[PDB]
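Engineer: One structure is given below, represented as C-alpha cells, and several questions about it will come after.
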Amino acid sequence: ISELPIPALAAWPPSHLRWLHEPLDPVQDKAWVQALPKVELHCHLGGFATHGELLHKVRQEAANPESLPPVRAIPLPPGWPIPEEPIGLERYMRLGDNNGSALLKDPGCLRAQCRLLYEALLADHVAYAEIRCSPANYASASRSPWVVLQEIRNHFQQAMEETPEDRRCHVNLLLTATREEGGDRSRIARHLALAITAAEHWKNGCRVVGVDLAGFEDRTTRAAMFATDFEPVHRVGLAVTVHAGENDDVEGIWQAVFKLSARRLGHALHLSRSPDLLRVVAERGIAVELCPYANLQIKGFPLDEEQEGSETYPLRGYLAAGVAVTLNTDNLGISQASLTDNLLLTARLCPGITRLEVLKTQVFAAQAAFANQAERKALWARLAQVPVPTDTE
Amino acid sequence: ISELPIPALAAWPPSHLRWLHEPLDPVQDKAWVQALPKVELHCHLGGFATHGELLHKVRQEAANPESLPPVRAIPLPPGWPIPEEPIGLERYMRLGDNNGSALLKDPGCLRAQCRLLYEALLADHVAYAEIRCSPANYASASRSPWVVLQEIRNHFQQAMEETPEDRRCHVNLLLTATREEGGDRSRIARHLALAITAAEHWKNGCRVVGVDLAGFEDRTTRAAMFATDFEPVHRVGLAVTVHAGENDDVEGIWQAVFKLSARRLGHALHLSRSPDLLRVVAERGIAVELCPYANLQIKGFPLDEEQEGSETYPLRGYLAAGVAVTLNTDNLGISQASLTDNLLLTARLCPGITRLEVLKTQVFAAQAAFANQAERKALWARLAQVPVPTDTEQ
Amino acid sequence: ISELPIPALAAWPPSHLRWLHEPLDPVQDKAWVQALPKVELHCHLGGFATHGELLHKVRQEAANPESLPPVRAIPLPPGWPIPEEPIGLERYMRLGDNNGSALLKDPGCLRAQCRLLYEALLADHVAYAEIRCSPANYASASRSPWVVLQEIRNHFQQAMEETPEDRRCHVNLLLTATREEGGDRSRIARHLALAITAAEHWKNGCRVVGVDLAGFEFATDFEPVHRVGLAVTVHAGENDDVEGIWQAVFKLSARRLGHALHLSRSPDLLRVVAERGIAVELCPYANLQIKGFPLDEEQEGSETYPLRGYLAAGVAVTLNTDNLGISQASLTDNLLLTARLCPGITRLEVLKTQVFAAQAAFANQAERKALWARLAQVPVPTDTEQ
Amino acid sequence: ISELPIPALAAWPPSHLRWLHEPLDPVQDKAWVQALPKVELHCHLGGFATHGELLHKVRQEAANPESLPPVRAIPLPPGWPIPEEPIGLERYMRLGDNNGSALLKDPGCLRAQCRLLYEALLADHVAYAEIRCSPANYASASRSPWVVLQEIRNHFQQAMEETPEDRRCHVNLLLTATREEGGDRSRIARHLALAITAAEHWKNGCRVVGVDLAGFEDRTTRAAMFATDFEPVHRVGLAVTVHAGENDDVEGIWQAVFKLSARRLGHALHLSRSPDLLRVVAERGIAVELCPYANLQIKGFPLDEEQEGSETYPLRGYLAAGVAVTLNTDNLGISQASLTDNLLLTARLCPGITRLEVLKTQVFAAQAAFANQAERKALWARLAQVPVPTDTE
Amino acid sequence: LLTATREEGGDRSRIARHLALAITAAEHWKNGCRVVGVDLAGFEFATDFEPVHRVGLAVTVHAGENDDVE
Amino acid sequence: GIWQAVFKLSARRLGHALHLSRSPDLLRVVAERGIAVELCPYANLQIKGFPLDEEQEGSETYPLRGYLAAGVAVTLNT
Ligand SMILES: Nc1ncnc2c1ncn2[C@@H]1O[C@H](COP(=O)(O)OP(=O)(O)OP(=O)(O)O)[C@@H](O)[C@H]1O
Ligand SMILES: Nc1ncnc2c1ncn2[C@@H]1O[C@H](COP(=O)(O)OP(=O)(O)OP(=O)(O)O)[C@@H](O)[C@H]1O
Ligand SMILES: Nc1ncnc2c1ncn2[C@@H]1O[C@H](COP(=O)(O)OP(=O)(O)OP(=O)(O)O)[C@@H](O)[C@H]1O
Ligand SMILES: Nc1ncnc2c1ncn2[C@@H]1O[C@H](COP(=O)(O)OP(=O)(O)OP(=O)(O)O)[C@@H](O)[C@H]1O
Ligand SMILES: [Mg+2]
Ligand SMILES: [Mg+2]
Ligand SMILES: [Zn+2]
Ligand SMILES: [Zn+2]
Ligand SMILES: [Zn+2]
C-alpha cells in the first residue's frame with residue numbers, strides 16, 4: 219500500500235486499491251477524472267478565447283466597441299481537436315490570433331479574459347493554477363505594463379473572493395518573456411523588474427510566484443538569457459520555469475538546470491534520448507511539464523496502440539525513470555481540451571497507463587507548484603478529496 | 219557680451235552688467251538671491267521637517283495619531299546652523315531622528331511631508347527640483363515600497379497641478395540606494411527593480427529620473443554594487459548619481475564615472491588633490507553638487523577669510539577648472555538653511571566670489587538635471603527671468 | 219491522516235497514533251529509538267575510533283606494526299558526551315589525532331577502520347549511510363589516492379555482501395574536497411577528478427555518490451562534477467555568513483547544507499532553503515560540543531536549537547553524528563539528546579527527521595526502494611501505559 | 219533671444235535675426251558660410267591629396283622620389299562629387315589609393331600632406347580641427363610609429379606657430395585603431411599604447427587628444443575592442459570616438475556609450491530606429507558627427523526634396539530630438555569638397571534647414587571637441603565673430 | 392626592463408603608463424640598448448597584460464614579502 | 470587560436486601550426502618561449518596540400534625551413 223501516492227489513499231476498500239492499479243479507460247472514466255481536484259501549471263492567458271463562442275463573449279464586453287480588430291477567418295485543420303497530421307509549431311501559434319495582443323489591449327476585454335478563464339478552471343474542478351501572462355504585451359500608451367499586470371492580479375483575486383473556500387481555485391501568475399527579446403536586450407531585464415516588484419506588492423491571494431523564460435528555444439535569445447543577471451530574482455524568492463521544445467538541445471536543458479537554476483522544464487519530450495540527463499532531471503526533483511493535446515497537434519504521436527514503441531509518448535518512460543511529470547493544457551483556446559480531456563487523452567497516447575498514474579501526475583504537480591507554505595497546505599488538503607469510483611469493478 | 223552663461227544677460231544695462239561682475243554681498247544681496255529662479259538637485263525628502271514648528275505640523279496630520287513615535291530630544295550644536303566646530307556626519311545624521319524612518323510610515327504624515335516640502339520649494343522660487351527618497355524605508359506590512367513610492371509621486375503631482383504654470387516647481391524623484399544599512403544584494407536588487415518599473419509607469423509630470431547610489435563611502439558597500447549589473451538601469455534611461463562624501467577616495471570616483479557611468483558626484487570636496495581626475499570631471503561634464511551648510515557643519519571650513527587658502531572651500535577652485543559645480547541644500551531641516559541661504563554662504567566660504575558665479579552655478583545645475591527635452595525647455599524659459607538689481611549705485 | 223510521512227503510520231490503532239504526537243521521552247524511549255531503522259548522512263571516516271579501546275583494535279591489526287605513530291595524549295573535556303562549555307572547532311579537530319591520517323595511512327589499519335565502522339552502523343540498525351573519506355589524505359609513494367579509494371570501497375562492499383540482506387546497511391562514499399585556506403589548491407583538483415572518475419567506475423553496491431566541501435563557507447570548478455551526476459554537499463559550520471549559503475545553493479548547486487544553524491537569521495534564505503528542497507544536516511552532539519546550546523530549558527528562547535524552528539518553516543532537517551569517536555556518541559544518542567536541546571519535540575518529529583534524510587540521500591532509484599521499504603517497518607511502541 | 223546658441227547673437231539688430239531664422243540657401247549663402255569660423259572633428263589625414271593637382275604637389279616634394287609608387291588609374295564615379303547612385307564604402311575607400319600609406323611613408327611627402335592640409339584648413343576659416351591619423355601605417359624599418367607621430371605633430375605645430383592668433387587653426391590629433399580582423403590584435407595594443415605615451419608627452423600646442431575607434435565597423439574587432447580594457451586610456455585623459463558601423467545594429471552603439479565610454483559617434487544615421495537609444499544619446503550628450511558628402515556618396519539620400527520623408531537625411535530629426543549633431547568632411551580629398559561645401563549641402567539634403575541650424579551645429583562641435591580649458595576658451599572667442607549677413611532681406 | 396609596481400591602494404595610472412611606454416619602446420629601438428621586457432612588482444591583474452604578450456614583451460614577476468605558492 | 474593556446478591554455482606544444490609565419494610577433498614569441506611545433510608532412514599534404522618537388526622557396530611552400538631558420542622547435546610526426 220506504500221506505492222500509493224497520497225497518504226489518505228491507503229485507507230480505502232481493498233477492491234478500490236485494485237481498481238486504481240488497472241489501466242484507465244478514456245471513455246468510461248470521463249466522470250471520475252471530471253471530479254478530481256486538479257492542478258494546472260502550464261496555461262497561457264492569451265490562448266483561452268481564440269475562436270468560437272468565447273471569442274465573442276470577450277469582444278462583446280470591450281470597453282470601446284469600435285477599436286476591436288476585425289475577426290479574421292483562421293481555418294482550424296480537419297480532424298481537430300485531433301488532427302490527422304501535426305500542424306507544426308508556427309501554425310499552432312498562428313491559430314489563436316483573434317485573441318491575445320490585439321483583443322486584450324482593452325480594459326473591458328482583458329477583464330472578460332480573467333473572469334472567463336476562472337469559471338473554466340472551476341468548471342474543471344481545478345484547485346490550483348499558475349497562469350502565464352505577459353503584461354508587457356498588453357500595454358498601451360496610457361496603460362503601463364504594471365497597470366496591465368495590476369489588473370490581471372485584481373481580476374483573479376476578485377474571482378477568488380466571490381467563491382466559497384472549498385470551491386475556490388487559487389490562481390497565481392507567472393510572468394513570461396518572449397517574442398520581442400530577439401530584437402533588443404532592454405526587454406529581457408525590463409520584464410524581470412516587474413516580477414521582482416510584483417513579487418513584493420502582493421503577499422496574499424493571487425501572487426506573481428515566478429518568471430517564465432520563454433524564448434529559450436531560440437539561439438540568440440538563449441544568448442541573452444545567459445547574458446542576464448538572474449541572482450536578483452533568486453534572492454527575492456521568484457522561481458524560474460523554462461520553455462524547452464522543438465530545439466532538441468541536450469546542452470540547453472543542462473544549462474537551465476545549473477546556470478539559471480530552473481525548477482521546471484516545459485515540453486521536455488526528448489529527455490529519454492539522453493540517459494545521463496534523465497537521471498539528473500530525476501534526482502534533483504526537476505518537474506517536467508507535459509501537454510498531451512498540445513504535443514499531438516504540434517509533433518504527432520501514435521494513438522490507439524497495443525504495446526510500447528520507439529515513438530510513443532514519453533509519459534510512461536519518465537514515470538518509470540522517476541521524473542516528476544505533470545499534465546497540463548498549454549492553450550485552452552488554441553487547442554480544444556480542458557485539464558480533464560488532457561488527462562483522458564493519456565490513455566490513447568500511452569498504452570497500458572494506470573489510473574493510479576493519473577493520480578501521481580497530480581501529486582507531482584502539487585509539489586512542482588510555486589506556492590508557499592500556506593498555499594501548499596490547503597492544496598494537499600484538497601487532493602485528499604478524490605472521489606470514489608463509480609464502477610469499482 | 220564675452221562670457222555670459224544665460225543668453226538673456228546680453229541686453230543687460232552696462233551699469234547692472236558691471237554690478238554682475240562684482241563680489242557678492244551676503245547681507246545686502248539677500249533680497250536679490252531670494253528672487254532668483256533656482257534649481258535643486260540634492261534634497262533629501264526625509265530630512266525636511268526634522269525639528270522645530272515644521273516637525274509638529276507633520277505630526278498632527280497623522281492618519282493614525284496613536285502609533286506616532288515619541289518626540290526624542292535631539293539638541294542642536296550651539297551656534298546653529300553655523301556650528302563652532304564641525305560635528306561630523308555620524309552626529310549630523312542623528313539630528314533628524316524625529317523624522318524619517320520613524321514617522322512617514324503613517325499615510326497622513328507622508329502626505330504632509332510631501333506637500334509641506336513643495337511649499338518650501340515655492341518660497342525659494344525653485345523652478346526644478348530632484349527630491350531623493352527611499353520608499354523601501356517607509357514601507358510597512360500593508361504598505362509595500364511600490365505603494366509608498368506611488369503615494370510620494372502622486373502627492374507631488376497634485377501640488378504641481380494646483381500651481382500656475384509660471385510659478386510651478388517641477389519635481390522629479392531619485393531613488394536612493396541607502397548607506398551601510400544597505401549593501402545586501404537582495405536589497406540593491408529591489409531598489410533597482412523599483413526604479414526600472416517606476417521609470418516607465420510615469421512619462422508625464424512627476425517622474426523617477428535616476429537612482430542615488432548612497433553608501434559609496436563604505437568599502438563593503440562597494441563591489442556589491444560593482445557586482446550588480448547596471449546595464450538594465452542604463453537601457454531604461456535612468457541616470458546614476460553617486461553620493462561620494464566623507465573621504466578622499468580617488469580610485470572610487472574613477473570607477474563611478476567609467477564603471478557605474480555616473481553623471482553627478484555628490485560632495486566631491488577633494489577633487490583638487492588629484493589634478494588628473496579634475497581634468498576628466500571637467501572635460502566629461504560630470505556635475506559636482508556641493509552643499510555649503512552641510513559641508514561647513516559636517517567637516518568645517520574657514521569663514522570670511524580675506525585671501526584664498528589651502529583649506530578654503532573648493533567652489534572657486536572647481537569653477538576655475540571648468541567643473542560643472544552646483545549648490546544645493548542637502549537636508550532642508552537638519553541643516554536649517556534654505557537654498558537662498560546656501561548661495562549667500564558662498565560669499566563667506568569663498569572670498570571674492572562674484573555675483574556672476576552664483577548665476578553660473580544655476581546654469582550648471584540646469585545642464586546637469588535629469589530632465590527630458592520637454593522639461594528642459596520649461597526650465598530654460600524660467601532661468602531667463604533674472605531679477606533686476608536694486609543696489610546698482612555703490 | 220494525511221500528515222504522516224509514510225503511508226504505513228496511518229493504519230495503526232488509535233492509541234499508537236496518539237502516542238506519536240506526545241513529546242519524546244529521552245529516557246524511556248531509549249529502547250525504541252535504538253530499534254528505529256536510521257539513516258546516516260553526515261559521518262566522517264577519519265573520526266570513527268579516535269581514542270579509547272577501538273583505537274587499539276585498529277592499531278592492533280596493522281600491516282606495518284613498526285610504523286604506527288605512538289599514542290599521543292588527548293584530554294577529553296569534563297564528562298564529554300556533553301561538555302560543560304563549548305571547546306570550539308579547531309580544538310575539536312585535534313581531539314581525534316590518534317586515528318585518521320596517521321594510523322590509516324597503512325594498508326592493515328585501513329582495513330580495520332572500514333571493517334569496524336561498518337560494525338558500529340549495524341549495531342545502530344542503520345539502513346543507509348553516506349560515509350565521507352579523503353583518499354588523497356591516505357596516499358603514499360606506492361599507494362595512490364585511487365588505490366586508497368578502491369580499497370575503501372571494497373572493504374565496505376565486502377562487509378555488505380557478508381551481511382544478510384535483511385540487516386544490510388547500504389554504504390555509499392562521499393569524497394571530501396576541503397578548501398585549504400592556506401594549503402595547496404591541487405588537492406582540490408585531485409579530489410574532484412577522483413570523484414568524477416569513481417562515478418562511472420562503479421554502478422552497483424558501494425558507490426561514490428557525491429563530493430563534500432569543507433571550505434568556501444569555487445563555482446567554475448564544479449561544472450564537470452554536475453555533468454557526471456555527482457551531488458555536492460557543502461559544510462556550513464564555523465563563520466556565520468548568509469552569502470555563503472546563498473552562493474552554495476545557486477552557484478555550487480548544493481543539495482544539502484551541513485551544520486547550518488543560523489538560517490533563521492535571514493527571512494529570505496529560510497524560504498528559499500525550504501522551497502527548493504535543500505536539506506540541512508544537523509548534528510546534536512557535535513554542535514553542542516563545538517558551539518554549545520542551552521539544554522533542558524522548559525521554553526524555547528532565542529538561543530535554542532533551531533531544529534523545531536526549521537521543521538516548522540518546512541526545512542528538510544536531518545539528524546546525524548558527524549564524528550563518531552571525536553563526538554563520542556552514536557546516532558541513537560544524537561537522536562535522543564535532541565529532546566534535551568529542543569523542548570516539546572514530539573516523537574513523530576524524530577520520525578520526520580528520518581523521512582527527510584531518506585529524501586535527502588544521494589541514492590538512486592534502486593537504492594531508494596530498499597531504503598523506503600526498510601523504513602516502512604517502523605517499530606511498534608513499547609512503553610505506552612503512561 | 220532665449221534659445222540663441224551664441225550669446226553674441228542677442229546683440230544683433232532685430233532685422234538680421236529674422237534672416238537668421240530663414241531657411242538656408244545653398245547658392246546665395248556661399249559667401250556667408252565661407253567666412254564662418256568652423257570646427258572640424260572628422261578629417262582623415264590619409265585622404266586629403268587623393269587625386270588632382272594636390273596629389274602631384276605632394277608627390278613632387280618626396281625625399282626619395284625613386285621610391286614613389288606609380289600613379290594608378292583611379293576612375294571617379296560619374297557625376298562626382300554628386301554621384302548618380304551610391305558607390306558603397308569599399309568603392310569609396312579605394313578612391314584614395316594614390317595617397318595614403320604609399321606616399322606618406324616618405325618623410326618628404328609627409329610634410330606636404332601635413333602642411334598643405336593646414337593650408338586647406340585656413341581657407342575654410344576653421345578655428346579648430348581634430349585630424350585623425352594612423353602613425354603605424356606610415357612606419358618603416360628606420361621609422362617607428364612613434365617617430366612618425368612626432369613628425370606629424372611637429373609639422374602641424376610648426377604651421378600653427380607661423381599663423382596669427384586670430385587666424386590660426388588649432389589642430390589636435392586623434393589616433394585610429396583600424397580593426398585588423400584577427401590577424402593583428404597587437405596593432406590595437408600598439409595603437410593604444412602609442413596614444414597613452416603621446417597623451418602625456420605634449421601638453422601645449424598640438425596634442426593627441428583621443429583615440430579613434432575606426433575599427434568599430436566589424437564584428438570580430440568589435441569583439442576585440444570590447445575586450446581591450448580601455449581603462450588605461452581613460453586615466454590618461456584620452457577621449458574615445460567610435461565609428462558607427464554601416465551595419466544597422468543598435469547593440470553595438472549601446473556598448474560604445476556605456477562600455478567603451480565613447481563621447482562621440484561617427485555616421486550614426488540609424489538612431490531614430492530605436493527611440494530609446496536616441497533619448498539616451500540626447501540626454502547624456504553624446505555628439506553625432508555626420509558627413510553629408512561622405513554619406514550622400516556612400517549610402518545615397520534624396521536630394522532637393524520639398525518636404526521630409528521616410529528616407530531623408532536625419533539631421534532635422536536629430537536636432538529636434540535634442541541631439542548634438544555636427545557636420546564634418548570625413549575624407550576631404552576622396553569626397554572632393556571642403557567643410558563649407560558640406561554645410562551648404564544640408565539645404566539640399568534636409569529641406570527647410572534654417573541658417574540658425576548651421577550655427578547650432580558649430581556650437582555643438584565646439585562643445586564636443588576634445589579640447590582642454592585653454593583651447594576651449596580660445597575657440598569660443600573665435601566663434602563669437604559671426605559674420606554679418608550680406609543680404610539682410 | 393620597465394617595472395610596473397602595484398601599490399597599496401595608491402596610484403593605478405603608472406601601472407598602465409609603464410606598460411604603454413614599454414610597448415612603445417619595444418618597437419622604437421632595435422639596436423644597441425633596448426627595452427626587452429616589463430617587471431611586475433605586484434599581483435604576486445590578469446586582464447592588464449594581454450597587450451604586453453601580444454607584442455612579444457617578456458614579463459618577469461618580482462615576488463617578495465610573502466610565502467605563498469599561489 | 471595560436472595566441473590563446475600559448476597564453477590562455479599554457480600549451481607547451483602546438484600541433485599543425487602551419488600559419489605561424491603570418492604573425493611575426495607570434496612566431497618570435499613561439500621561438501623565444503621554446504614552444505615546439507609538431508608537423509605531420511603526409512597528413513598536412515593530404516588535408517591542406519602543398520607544392521612538391523620545387524627548386525626554390527615559394528609563398529605556398531611547406532613552412533618547415535622557415536620555422537627552423539626562425540629558431541622554432543619543429544618536430545616531424547605521423
Ligand atoms: N510553444 C511555445 N513556444 C514558444 N513560445 C510560446 C509557446 N507557446 C506560447 N509561447 C509564447 O507565449 C507568449 C504568451 O502567449 P499568450 O497566449 O499569453 O498570448 P499573447 O502574448 O497575446 O500572444 P502572441 O504573442 O502570439 O500575440 C507568446 O508571446 C508566445 O511567444
Ligand atoms: N545617506 C542617506 N541615505 C539614505 N537616505 C538618506 C541619506 N541622507 C538622508 N537621507 C534621508 O533619509 C530618507 C530615507 O531614510 P530615513 O528617512 O529613514 O532617514 P535616516 O537618515 O535613515 O534616519 P531618520 O529617519 O532618523 O532621519 C531619504 O528619503 C532621505 O530623505
Ligand atoms: N567537521 C568538519 N568540519 C570541517 N572540516 C572538516 C570536518 N571534518 C573533517 N574536515 C576536514 O576534512 C579533512 C579530514 O577528513 P576526514 O575526517 O575524512 O579525515 P581525517 O582522518 O580526519 O584526516 P586528517 O587527519 O588529514 O585531518 C580535513 O580537511 C579536515 O579539515
Ligand atoms: N569611412 C570609414 N569607415 C571606416 N573606417 C575608415 C573609414 N575611412 C577610413 N577608415 C579606416 O581608417 C584607416 C586610416 O585612414 P587614413 O586615411 O588616415 O589612412 P590611409 O593612409 O588612407 O590608409 P589605408 O591606405 O590603409 O587606407 C584606414 O586604414 C581605414 O581602415
Ligand atoms: Mg583528522
Ligand atoms: Mg587610404
Ligand atoms: Zn508556457
Ligand atoms: Zn546626500
Ligand atoms: Zn572616419
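Residue numbers (full-length UniProt numbering), protein chains in the order written: chain A, 219 to 611; chain B, 219 to 612; chain C, 219 to 435, 444 to 612; chain D, 219 to 611; chain E, 392 to 435, 444 to 469; chain F, 470 to 547.
Positions of the beta carbon are idealized from the N, C-alpha and C atoms, including for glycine.
#1: Following a CB-centred definition, is B:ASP494 positioned closer than 8 Å to any heavy atom of ligand 9?
#2: From the DSSP output, which residues share a beta bridge with D:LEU431?
#3: Using a Cβ distance threshold of 8 Å, determine whether the segment 432 to 442 of chain D contacts the segment 325 to 337 of chain D, with at least three qualifying pairs required.
#4: Quick one: using the 10 Å Cβ neighbour count with 16 as the cut-off for buried, is B:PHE519 buried or exposed?
#5: Let me know the alpha helix (DSSP H) ranges lying completely inside the segment 477 to 532 of chain B, each 4 residues or longer, listed in chain order.
#6: Comparing the C-beta of F:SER528 with each C-beta of chain D, is any distance below 9 Å?
#7: Could you give the DSSP three-state label for C:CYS327: helix, strand or coil?
#8: What are the boundary residues of the alpha helix (DSSP H) that B:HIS419 is part of?
#9: Listed by chain order, which residues have C-beta atoms less than 7 Å from any heavy atom of ligand 7?
#10: Does the contact criterion of 3 or more C-beta pairs under 8 Å hold for the segment 499 to 519 of chain D versus the segment 532 to 543 of chain D?
#11: Grab the span of the alpha helix (DSSP H) containing B:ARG453 for me, first residue to last.
#12: List the DSSP bridge partners of D:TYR356.
#13: For a contact defined as C-beta to C-beta under 9 Å, what are the partners of D:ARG408 on chain E?
#14: Which chain B residues sit within Cβ distance under 7 Å of A:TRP364?
#15: At the 9 Å Cβ level, is E:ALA432 part of the contact set with chain D, yes or no?
#16: With distances taken from each beta carbon to the nearest heavy atom of ligand 5, which residues come in below 7 Å, in chain order?
#17: Any Cβ of chain B within less than 9 Å of the Cβ of A:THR394?
Structural biologist: Checking against the coordinates, here is how it stands:
#1: Not one heavy atom of ligand 9 sits closer than 8 Å to the Cβ of B:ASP494.
#2: Partner(s): D:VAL460.
#3: Fewer than three Cβ pairs drawn from the segment 432 to 442 of chain D and the segment 325 to 337 of chain D lie within less than 8 Å of each other, which leaves the two stretches out of contact.
#4: With a threshold of 16 other beta carbon atoms within 10 Å, B:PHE519 meets it and is buried.
#5: Unbroken alpha helix (DSSP H) runs of no fewer than 4 residues, entirely contained in the segment 477 to 532 of chain B, are found at 493 to 502 and 510 to 516, following chain order.
#6: It does not; no Cβ of chain D falls within 9 Å.
#7: Looking at C:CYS327 - three-state DSSP - the assignment turns out to be helix.
#8: B:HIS419 -> alpha helix (DSSP H) spans 403 to 419.
#9: Chain-ordered list of matching residues: A:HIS260, A:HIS262, A:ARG350, A:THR394, A:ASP430, A:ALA432, A:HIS461, A:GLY484 and A:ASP548.
#10: Contact holds: three or more Cβ-Cβ distances are below 8 Å.
#11: Per DSSP, B:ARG453 belongs to the alpha helix (DSSP H) from 449 to 453.
#12: According to DSSP, which records beta bridges pairwise, D:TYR356 is partnered with nothing at all.
#13: Within 9 Å of the CB of D:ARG408, the CB atoms of chain E belong to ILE414, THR415, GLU418, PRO450, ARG453 and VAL454, in sequence order along the chain.
#14: By Cβ distance, chain B contributes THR415 and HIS419.
#15: Output row for E:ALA432: interface = no.
#16: Residues with a Cβ closer than 7 Å to any heavy atom of ligand 5, in chain order: C:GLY264, C:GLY265, C:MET311, C:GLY314, C:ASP315, C:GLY318 and C:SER319.
#17: For A:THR394, the answer is no, since every Cβ of chain B falls outside 9 Å of its Cβ.
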